């Protein structure tokens, strides 16, 4: 009832493996590649690119500054998939739980990035995270055009 599901897949003209490795290993590169959207990525715990690593994001949605604390819950090297779990931040004001999965198709001539949100809302009249999805899409376009 309160749980929901959001998926968006976009093609990328950039290299799919590079794109995947950024989200696994090199989140820190994101803030230079999309400075409007993300001001900073801090590794709070663990090593970059491992399940259990904990991370702090400073970002801006609709020109309003926000922060998130994520744990990497799963990684699958075969499908090139990284799962992030939000445990603190502004989104936890609206949603009880929120998961984000980035999964990158690389084996084919056309490469794509798929984004999947799995969430549970605190109340029925909480909005769908469309603003969060467009934002992930903007980021993907920036990484893609960075070269």
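Positions refer to the first chain, counted from 1.
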*Please work out which of 81-89 and 61-69 has the higher mean CA B-factor as recorded in the PDB entry.*
61-69
*Going by the B-factors listed in the PDB entry, is the mean over the C-alpha atoms higher for 35-43 or for 111-119?*
35-43
*Residue, from 54, 99, 102, 30, that the PDB entry assigns the highest Cα B-factor*: 30
_For residue 133, the third of its chain into which the C-alpha B factor falls_ = lowest
*Which third of the chain holds residue 7 when residues are ordered by C-alpha B factor: lowest, middle or highest?*
lowest
